[PDB]
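Here is the structure we will look at.
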Amino acid sequence: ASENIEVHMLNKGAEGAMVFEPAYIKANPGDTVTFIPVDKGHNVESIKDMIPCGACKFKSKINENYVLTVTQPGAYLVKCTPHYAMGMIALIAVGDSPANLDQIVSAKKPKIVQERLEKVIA
Ligand SMILES: *SCCNC(=O)CN(CCN(CCN(CC(=O)O)CC(=O)NCCS*)CC(=O)O)CC(=O)O
Ligand SMILES: [Y+2]
Ligand SMILES: [Zn+2]
């Protein structure tokens, strides 16, 4: 029962500047996640080592409609490349209790990104 989750890349949203909406993405394995450049200047990229072991890395083009197939269970931390240090990230939680979530929380990342991450988790 494969489902698509559409995510918008925005200069401004609910949580402030440079956001993915939603920035928590709840998915099942086999679902898809579509990133939409609603405003110009965004893309989506998996953060090095912040996808589940078994998952494959990716980096979309700026202003590209990009669809990701989330086969492997676990947590994905994605960033917009230019806006990463401004907090432009999304957490994709695939299946229950995503295994590498504590790992991603511990991993090295900008304070401002940590802030947004902990907020979405909470
Ligand atoms: S696109 C990234 C992911 N999937 C995948 O299976 C990638 N493969 C790379 C082959 N490599 C070694 C295979 N391997 C060793 C390992 O990583 O434990 C067996 C396995 O994928 N287990 C999964 C991850 S915790 C090199 C590598 O990327 O590590 C294809 C493959 O033959 O598995
Ligand atoms: Y592998
Ligand atoms: Zn951006």
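Ordering of the structure tokens sets the chain letters (A, B, ...); residue numbers start at 1 within each chain; ligands are numbered from 1 in the order shown.
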>> Around ligand 1, out to 12 Å and counting only C-alpha atoms and all ligand atoms, which residues are there? I want them as a PyMOL selection string.
In response: chain A and resi 46+48-49+51-58+69-74+99-100
> What's the 9 Å shell around residue 91 (chain A), counting only C-alpha atoms, without same-chain residues fewer than 6 positions away, as a PyMOL selection string?
Replying inline: chain A and resi 22-26+75-78+117+120-121
> Taking only C-alpha atoms and all ligand atoms into account, which residues are within 12 Å of ligand 3, as number ranges by chain?
Replying inline: A: 8-13, 17-21, 35-45, 60-64, 78-90
> Expressed in Å to a single decimal, how great is the separation between CA of residue 2 (chain A) and CA of residue 66 (chain A)?
Replying inline: 17.3 Å
>> Please extract the residues of chain A with a backbone DSSP assignment of strand (DSSP E) and present them as a PyMOL selection string.
In response: chain A and resi 4-13+16-21+24-27+31-37+45-46+66-70+74-79+89-94
Taking the backbone alone, and naming residues the way the document does, which bits of chain A are alpha helix (DSSP H) by DSSP, as an mmCIF file with N, CA, C and O atoms, in the first residue's frame?
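Final output, states.cif:
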```
data_model
loop_
_atom_site.group_PDB
_atom_site.id
_atom_site.type_symbol
_atom_site.label_atom_id
_atom_site.label_comp_id
_atom_site.auth_asym_id
_atom_site.auth_seq_id
_atom_site.Cartn_x
_atom_site.Cartn_y
_atom_site.Cartn_z
ATOM 1 N N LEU A 101 18.047 6.530 14.740
ATOM 2 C CA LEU A 101 17.617 7.840 15.148
ATOM 3 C C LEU A 101 18.534 8.405 16.239
ATOM 4 O O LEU A 101 18.977 9.557 16.120
ATOM 5 N N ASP A 102 18.855 7.607 17.267
ATOM 6 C CA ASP A 102 19.768 8.100 18.327
ATOM 7 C C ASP A 102 21.128 8.471 17.728
ATOM 8 O O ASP A 102 21.715 9.501 18.095
ATOM 9 N N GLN A 103 21.595 7.644 16.780
ATOM 10 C CA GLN A 103 22.815 7.932 16.030
ATOM 11 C C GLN A 103 22.778 9.291 15.328
ATOM 12 O O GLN A 103 23.636 10.128 15.542
ATOM 13 N N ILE A 104 21.786 9.512 14.478
ATOM 14 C CA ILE A 104 21.663 10.841 13.857
ATOM 15 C C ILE A 104 21.646 11.986 14.898
ATOM 16 O O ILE A 104 22.309 13.011 14.694
ATOM 17 N N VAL A 105 20.901 11.820 15.988
ATOM 18 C CA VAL A 105 20.852 12.849 17.034
ATOM 19 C C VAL A 105 22.236 13.153 17.584
ATOM 20 O O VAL A 105 22.528 14.310 17.863
ATOM 21 N N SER A 106 23.068 12.113 17.735
ATOM 22 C CA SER A 106 24.443 12.247 18.254
ATOM 23 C C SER A 106 25.462 12.767 17.251
ATOM 24 O O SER A 106 26.507 13.288 17.645
ATOM 25 N N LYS A 111 24.801 23.510 15.316
ATOM 26 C CA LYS A 111 23.918 23.744 16.463
ATOM 27 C C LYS A 111 22.476 24.102 16.049
ATOM 28 O O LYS A 111 21.495 23.562 16.585
ATOM 29 N N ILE A 112 22.356 25.015 15.090
ATOM 30 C CA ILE A 112 21.042 25.466 14.613
ATOM 31 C C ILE A 112 20.267 24.284 13.995
ATOM 32 O O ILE A 112 19.061 24.198 14.139
ATOM 33 N N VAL A 113 20.974 23.385 13.311
ATOM 34 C CA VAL A 113 20.352 22.168 12.773
ATOM 35 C C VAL A 113 19.923 21.234 13.941
ATOM 36 O O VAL A 113 18.825 20.661 13.917
ATOM 37 N N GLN A 114 20.782 21.075 14.955
ATOM 38 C CA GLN A 114 20.446 20.240 16.145
ATOM 39 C C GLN A 114 19.134 20.702 16.798
ATOM 40 O O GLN A 114 18.280 19.900 17.189
ATOM 41 N N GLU A 115 19.013 22.019 16.905
ATOM 42 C CA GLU A 115 17.862 22.701 17.468
ATOM 43 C C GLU A 115 16.559 22.316 16.742
ATOM 44 O O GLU A 115 15.570 21.917 17.374
ATOM 45 N N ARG A 116 16.579 22.417 15.416
ATOM 46 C CA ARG A 116 15.407 22.087 14.604
ATOM 47 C C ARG A 116 15.102 20.596 14.711
ATOM 48 O O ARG A 116 13.943 20.201 14.785
ATOM 49 N N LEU A 117 16.155 19.778 14.723
ATOM 50 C CA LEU A 117 15.999 18.322 14.764
ATOM 51 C C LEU A 117 15.323 17.872 16.060
ATOM 52 O O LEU A 117 14.395 17.063 16.051
ATOM 53 N N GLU A 118 15.810 18.382 17.174
ATOM 54 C CA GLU A 118 15.294 17.982 18.478
ATOM 55 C C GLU A 118 13.835 18.409 18.603
ATOM 56 O O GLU A 118 13.006 17.660 19.113
ATOM 57 N N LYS A 119 13.539 19.598 18.111
ATOM 58 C CA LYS A 119 12.176 20.106 18.036
ATOM 59 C C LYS A 119 11.257 19.174 17.253
ATOM 60 O O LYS A 119 10.185 18.808 17.754
ATOM 61 N N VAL A 120 11.642 18.813 16.020
ATOM 62 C CA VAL A 120 10.794 17.873 15.241
ATOM 63 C C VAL A 120 10.619 16.515 15.906
ATOM 64 O O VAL A 120 9.540 15.919 15.816
ATOM 65 N N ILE A 121 11.677 16.025 16.543
ATOM 66 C CA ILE A 121 11.619 14.740 17.219
ATOM 67 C C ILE A 121 10.591 14.817 18.341
ATOM 68 O O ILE A 121 9.648 14.029 18.360
#
```
> Could you work out how far CA of residue 122 (chain A) lies from CA of residue 15 (chain A), giving the answer in Å with one decimal?
Replying inline: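 Pair CA of residue 15 (chain A) / CA of residue 122 (chain A) returns 13.8 Å.
Distance-wise, CA of residue 95 (chain A) and CA of residue 68 (chain A) end up 15.6 Å apart.
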